[PDB]
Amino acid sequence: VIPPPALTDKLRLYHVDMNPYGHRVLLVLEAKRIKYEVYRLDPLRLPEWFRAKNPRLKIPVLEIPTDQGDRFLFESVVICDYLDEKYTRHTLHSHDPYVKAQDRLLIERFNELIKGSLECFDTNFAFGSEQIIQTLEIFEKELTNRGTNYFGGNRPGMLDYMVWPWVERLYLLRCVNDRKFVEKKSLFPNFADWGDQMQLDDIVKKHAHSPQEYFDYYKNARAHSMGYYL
């Protein structure tokens, strides 16, 4: 009910627990080693001052200091790109504008996997598997074409972290149908390999949950708080 104080030395993320768009921003902040605090939003009991600054209830929100005072920044892509431009250390986007443009196109393409996953977790993991699979074929071919351990090269870059939150959630499906999951996984050998490597990343590990934890969460909550708005 009472808002937090004015920002000092840390950036502030307003985030709904288990929201993948917030997970995205958490990964980038950590990768860029920027100090931040998380203000946990309750999707039900939402503060009036928050709605007032965010009438469409978009999530997550990164609050930053500016010349004219503390400001809300919206939309996970815009937020993460802001962070990559503002803070010059530990750059995540490619230095090559062509490669970066391709990375941006792939982020947009990934939205089809997001849509399918959203419907899936909303309907006891019964539907939209096909959207997942089709998108995974594109990313398998793309990773193979690049011939690096990650989309970013020898180390994870912006595309890797942008895509990860949904990929990490997919592992919950092994709790639903173990055998059907492993078969599906085998279709994308380089992507699967990349998944394993991403799981070992210190930044990933900081904000990770297990297959079981995601499974117990999504069965009860479904997708009510999974979108880019509440």
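Start at 1 and count along the sequence shown; that's the residue number.
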Next on the checklist: Can you tell me whether 144-152 has a higher mean C-alpha B factor than 90-98 in this record, or the other way round?
Outcome noted: 144-152
Checklist outcome for this item: Assert higher mean C-alpha B factor (170-178 or 191-199, deposited values) equals 170-178
Checklist entry - Whose C-alpha has the highest temperature factor in the PDB entry: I64, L44, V204, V38? => result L44
Checklist entry - Considering only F139, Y82, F125, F72, which residue's Cα atom bears the greatest B-factor as recorded? => result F125
Item to check | Third of the chain's Cα B-factor distribution that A221 belongs to, per the entry | outcome: highest
Checklist entry - Split the chain's modelled residues into thirds by Cα B-factor; is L57 in the lowest, middle or highest one? => result middle
Item to check | Third of the chain, ranked by Cα B-factor, where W164 sits | outcome: lowest
Checklist entry - Considering only modelled residues of the same chain, in which third does the CA B-factor of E112 rank: lowest, middle or highest? => result middle
